[PDB]
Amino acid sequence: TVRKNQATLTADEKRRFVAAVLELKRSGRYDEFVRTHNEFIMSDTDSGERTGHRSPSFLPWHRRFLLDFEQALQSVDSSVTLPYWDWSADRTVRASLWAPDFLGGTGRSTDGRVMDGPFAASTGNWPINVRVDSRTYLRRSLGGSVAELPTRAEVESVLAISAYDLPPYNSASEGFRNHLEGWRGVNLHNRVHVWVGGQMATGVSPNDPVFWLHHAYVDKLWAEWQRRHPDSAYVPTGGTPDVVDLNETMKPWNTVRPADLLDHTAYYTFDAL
């Protein structure tokens, strides 16, 4: 129930994490997470209903999605928790994240195919099934489509924004949520997707297990923001068309509200916050 920085995992932790992810893939459960995510990324729109993305609920929706995934991992190996990837610190292809004992590295230049680590197509253990094209292998181009990951300075500038979110509660908004998501400003979360490349740059981005570590760190930064701004909280707080208000339930679960997800400590803590 402690989420740790990936860079600190022990050998046994890396091994049990990899094995639990590979077993969810084998059993077919993994791909339904990919499919769920792609349906929301394709349906959430700036002028209409928006729940998982480009909206205030981006943060509690991904918090609950990651909890669903972590619980599924724990059903395979109850010792496993989601690690997080602090991409402001671990910002090169030589980060141990990308070593063959963890997520494997970048893809080759010819077709972007990942050639090492447990998720390489050659293993036979990571078919890409839920996809938008004929390619069935994990792809990445670390640092190919954008030169640099966000820096700590840039992260700090976003953490300093006091308002959680602002009308019109979409990709055009000012405030914390949209600057963290990245549609405005220096760009944190979106730019990391673009920096990894391959399936992480697409609507079927959970095909890459780094998805979970990226979102675990985005989730950490929300928790950091709450600490800096104890007088700020989720908005909107009632009656907003197309947007999940604080006490409204969210799809697909329908049984949980942003209000139920504001305090992460009800589900996990961090190694250091």
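One-based numbering along the sequence shown. Throughout, rigid core stands for the largest set of C-alpha atoms superposing within 1.5 Å between the two forms.
Averaged over structures and residues, the CA distance from the shown form in 9 other deposited structures of this protein after a core fit is larger for 129 to 137, of the two stretches 104 to 112 and 129 to 137. For the pair 97 to 105 and 139 to 147, the mean Cα B-factor is higher in 139 to 147.
Between the stretches 156 to 164 and 196 to 204, it is 156 to 164 that shows the larger average CA temperature factor.
Highest CA B-factor among the listed residues (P83, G124, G185, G117): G185. Of all the options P209, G28, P60, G238, the entry's greatest CA B-factor is assigned to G238. In the deposited entry, the Cα temperature factor of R177 places it in the middle third of its chain's modelled residues. Ranked by Cα temperature factor within the chain, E32 sits in the lowest third according to the deposited record. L221 sits in the lowest third of its chain by CA B factor, as recorded in the PDB entry. Ranked by Cα temperature factor within the chain, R50 sits in the middle third according to the deposited record. When all modelled residues of the chain are sorted by CA temperature factor, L66 is found within the lowest third.
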